[PDB]
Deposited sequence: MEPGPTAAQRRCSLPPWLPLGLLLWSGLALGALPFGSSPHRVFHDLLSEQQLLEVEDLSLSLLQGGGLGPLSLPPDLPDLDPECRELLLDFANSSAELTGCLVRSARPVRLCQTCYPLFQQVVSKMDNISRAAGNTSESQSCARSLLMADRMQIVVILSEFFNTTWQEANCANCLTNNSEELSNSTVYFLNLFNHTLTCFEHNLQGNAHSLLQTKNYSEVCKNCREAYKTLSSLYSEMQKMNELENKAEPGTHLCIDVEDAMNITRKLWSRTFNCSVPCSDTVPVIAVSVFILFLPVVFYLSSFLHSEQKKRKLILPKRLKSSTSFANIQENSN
């Protein structure tokens, strides 16, 4: 066994990882990872660093199944894939202003839908509320790429992505509100005219060569 002062770092890391894992689950269906228990992840990585700073040898690589190592790697991997750094400020102490602005806009957009539920009313009452939310989300996408120099625009903070996907699924799948202007007749007329050009060109050249 380890020293009694060396069993306190492991026990503190034990309950810190226990409560972080609890929040990860109970904040999963409506994804609220980076806004509910961002400090709990910070508390875990701080407590792990405390061990790294006279117990690292006897707790970290002391055996084949490095439970402390793999659990911290798993928590780090979950934090990285969830892009929770993008959700918080560069100081990583609270939610960024852009994320906070999106969250209340998401609340306001959902506040529309309840009022207009009692689907024709929803689509024609505050459609601009959905439009401004989508404009911000696209704006935050390009800002994210230009901020961390990410090559594509793919993955934002999972809280923001889930918030928008809930809105998009509500606006398109549950409600039928998307109304794109489809000019089928002008499209057919132009496409047919262009597709009929090679017929004229091949026939005219064939007939011109005949009779010289």
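Inset, instruction - Compare what was deposited with what's modelled and send me the C-alpha-less stretches, numbered from 1. - result: Several stretches lack coordinates - namely 1 to 78, 132 to 140, 206 to 216, 311 to 334, in sequence order.
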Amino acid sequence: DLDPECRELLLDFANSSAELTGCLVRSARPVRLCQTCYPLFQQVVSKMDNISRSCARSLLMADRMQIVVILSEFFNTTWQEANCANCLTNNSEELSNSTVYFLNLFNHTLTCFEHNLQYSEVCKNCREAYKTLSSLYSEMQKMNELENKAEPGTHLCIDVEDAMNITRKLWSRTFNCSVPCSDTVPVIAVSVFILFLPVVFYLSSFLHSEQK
From here on, numbers count along this sequence of modelled residues.
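By rigid core we mean the largest C-alpha set that fits within 1.5 Å across both forms.
Legend entry - Which of 174 to 182 and 155 to 163 lies farther from this form in 5 other deposited structures of this protein, as RMS of C-alpha positions after a rigid core fit: Higher root mean square deviation of C-alphas in 5 other deposited structures of this protein is shown by 174 to 182.
Legend entry - RMS CA shift, core-fitted in 5 other deposited structures of this protein, bigger for 135 to 143 or for 94 to 102: When 135 to 143 and 94 to 102 are compared in 5 other deposited structures of this protein, 94 to 102 lies farther out.
Legend entry - Unmodelled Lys169 in at least one third of other entries with both flanks present: Other entries vs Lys169: none skip it.
Legend entry - Gap at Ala150 across at least one third of the other PDB entries: Missing in at least a third of the others, so yes.
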